Asker: 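Supplied in structure tokens, the structure appears directly below.
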Amino acid sequence: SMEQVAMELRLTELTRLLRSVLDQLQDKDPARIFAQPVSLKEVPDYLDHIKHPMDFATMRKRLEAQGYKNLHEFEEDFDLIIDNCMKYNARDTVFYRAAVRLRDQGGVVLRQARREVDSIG
């Protein structure tokens, strides 16, 4: 139907906007601490601690399959990246600190993304 096409165009345009959001958030991680999944070869106990691992590459895979239906879903996955790290790693670590800085800097980007998603519909 034409309605199904229109909906698909909206999803494609959301995907476009989320791709730009993803790029901007990932620039706030110049160390690339969050770029890839935590390695279970290198942290074999990880899944005992963290039940829903997340990372920027995994988000990018979902994004390119048009797998985020709305900004809330995308924000859920970004918050997982941050929150997983702040639980597994202690406060005094470069990992925890990187997550705090990513959260703080990402807030700015996400605040305007929400306005754009509501604004453009």
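Only heavy atoms go into these numbers, but all of them, side chains included; no hydrogens, no water, no symmetry mates. This chain uses plain numbering: 1 for the first residue, then up along the sequence.
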Asker: Any side-chain heavy atom of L80 within less than 4.5 Å of one from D83?
Answerer: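 When only atoms from C-beta onward are counted, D83 and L80 do not touch, as no gap falls below 4.5 Å.
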Asker: Verify whether one side chain among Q24 and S20 offers a donor that lies under 3.5 Å from an acceptor in the other.
Answerer: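 There is such a pair (donor and acceptor under 3.5 Å, judged by atom type) between the side chains of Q24 and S20.
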Asker: Tell me every residue that passes salt bridge (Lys or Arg N to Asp or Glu O under 4.0 Å) with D77, counting only those two or more places apart in sequence or in another chain.
Answerer: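 Expected list: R62.
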Asker: Find out whether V117 and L14 are in side-chain contact, i.e. whether some heavy atom of one side chain is under 4.5 Å from a heavy atom of the other.
Answerer: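 The answer is yes, as the side chains (C-beta and beyond) meet within the 4.5 Å cut-off.
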Asker: Give me the atom names and distance for the closest heavy-atom approach of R91 to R97.
Answerer: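 So the two residues come closest at O-NE, 3.4 Å.
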Asker: With a 4.5 Å heavy-atom cut-off, do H49 and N84 have their side chains touching?
Answerer: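 A side-chain contact under 4.5 Å is absent here.
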Asker: Does some side-chain heavy atom of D79 sit less than 4.5 Å from a side-chain heavy atom of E76?
Answerer: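 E76 does not reach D79 side chain to side chain.
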Asker: How close do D27 and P30 get, heavy atom to heavy atom, and via which atoms?
Answerer: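 Closest pair (atom of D27, atom of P30, distance): O-CD, 3.9 Å.
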Asker: Answer with yes or no whether the side chains of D45 and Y88 bring together a donor and an acceptor at under 3.5 Å.
Answerer: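 Present: a donor and an acceptor within the cut-off.
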Asker: Which class fits the ring pair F56 and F78: parallel under 30°, tilted 30 to 60°, perpendicular over 60°?
Answerer: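 Answer is parallel, since the angle falls under 30°.
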Asker: Compare all side-chain heavy atoms of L71 with those of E75 and state whether any distance is below 4.5 angstrom.
Answerer: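 They are in contact (side-chain heavy atoms under 4.5 Å apart), so the answer is yes.
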Asker: Quick one: does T15's side chain have a donor or acceptor within less than 3.5 Å of a partner on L11's backbone?
Answerer: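 A pair under 3.5 Å: yes.
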Asker: I want to check something: taking the side chain as every heavy atom from C-beta on, are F74 and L22 in contact at a cut-off of under 4.5 Å?
Answerer: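 Yes, close enough: below the 4.5 Å cut-off.
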Asker: Would you mind reporting whether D29 and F34 have side-chain heavy atoms less than 4.5 Å apart?
Answerer: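 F34 reaches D29 side chain to side chain.
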Asker: Grab the two heavy atoms, one from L25 and one from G106, that are nearest each other, plus how far apart they are.
Answerer: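 Taking every non-hydrogen atom into account, CD2-CA, 3.5 Å.
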Asker: Any heavy-atom pair between the side chains of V38 and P53 that's under 4.5 Å?
Answerer: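 SC-SC contact between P53 and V38 ruled out.
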Asker: Within the side chain of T58, is there an N or O that forms a donor-acceptor pair under 3.5 Å with the backbone of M54?
Answerer: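 The answer is no, because no donor-acceptor pair under 3.5 Å joins these two groups.
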Asker: Locate the shortest heavy-atom distance separating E73 from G67; write the atom from each residue and the value.
Answerer: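 Looking at all heavy atoms of both residues, the shortest contact is OE1-O, 3.7 Å.
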Asker: For the residue pair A98 and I33, what are the closest heavy atoms and their distance?
Answerer: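 Where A98 meets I33 most closely, the heavy atoms are CB-CD1, 3.6 Å.
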Asker: Tell me every residue that passes side-chain contact (heavy atoms from CB on, under 4.5 Å) with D23, counting only those two or more places apart in sequence or in another chain.
Answerer: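 If we apply the side-chain contact (heavy atoms from CB on, under 4.5 Å) test to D23, skipping adjacent residues, the hits are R19, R60.
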Asker: Under 6.0 Å from the CZ atom of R103, do we count more than 12 heavy atoms belonging to anything else shown?
Answerer: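 More than 12 heavy atoms, drawn from other residues, nucleotides or ligands, come within 6.0 Å of this atom.
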